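Next comes just one chain, in structure tokens: the form deposited in one PDB entry.
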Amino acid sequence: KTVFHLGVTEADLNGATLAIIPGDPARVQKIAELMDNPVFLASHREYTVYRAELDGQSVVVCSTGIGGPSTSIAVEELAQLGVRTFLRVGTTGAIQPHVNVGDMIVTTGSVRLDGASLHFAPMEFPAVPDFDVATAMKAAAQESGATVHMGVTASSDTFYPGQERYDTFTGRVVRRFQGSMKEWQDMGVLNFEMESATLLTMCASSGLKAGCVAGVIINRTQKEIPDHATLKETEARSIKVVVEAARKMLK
């Protein structure tokens, strides 16, 4: 029993029902090596797939690529193969002055600035995490000693105009997104990323458990470049946190 993109069978997952889903294929092996008995399964396109064992239970680690479309394929195919719980770990840009580089954010809902979420539920439907996953992520993040923020994330199909960046080839932002960063800031939105609206909407409308946790790598209100050591520490802590959140989800 096979899937179109991921290159793995149900047997290859050794009964896993929980997946950790980073964006970058190069992070998959790093996450898997935090657990026991990491095994490389497949790599094709942006999809690198490992298995490992956590407290004796099989866990998948599968990259998604950037954006909702590639994410939606990985989630669907993993679900076909028995996965029911999806933990997303990644990086994010904060838009609130109070949020520091190196803090962690657990998304409580996403602003749906994507398209793929609409392929699962109409816009009125909330891009919300599973409560148990969000609770596990907050606990794992806080137990690590990180400063943790719970709140709304703006989830964009673009890095550039949808995050209201003007330092671009055209220097233009379409009307819809002009003044948008200030609006989200005034509404209390914490951060930008590019996958949570699709992931959370698709899972919450499909009987799958999902959540998102991210390390803050930049703050759009601070012009200074963050410290290399702080970025290193943040990346390392983010993947230790998601594995501890996975531990808390196991039954």
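Residues that one form lacks are left out of the comparison. Numbering starts at 1 and runs along the sequence shown. Basically, rigid core = biggest C-alpha set you can superpose within 1.5 Å across the two forms.
Not pictured, yet referred to below: the form deposited in another entry.
- Fitting the two forms on the rigid core leaves the C-alpha of residue 224 displaced by at least 2 angstroms between this form and the one not shown.
- If you fit the rigid core between this form and the one not shown, you'll see the Cα of residue 233 move by 2 angstroms or more.
- In that other deposited form, the CA atoms of residue 144 and residue 229 move apart by 3 angstroms or more relative to this form.
- Note on residue 223 and residue 172: their C-alpha atoms are nearer in that other deposited form, a change of at least 3 Å from this conformation.
- After superposition on the rigid core, a single segment of 3 or more consecutive residues displaced by 2 Å or more at every C-alpha between this form and the one not shown is found, at 222-233.
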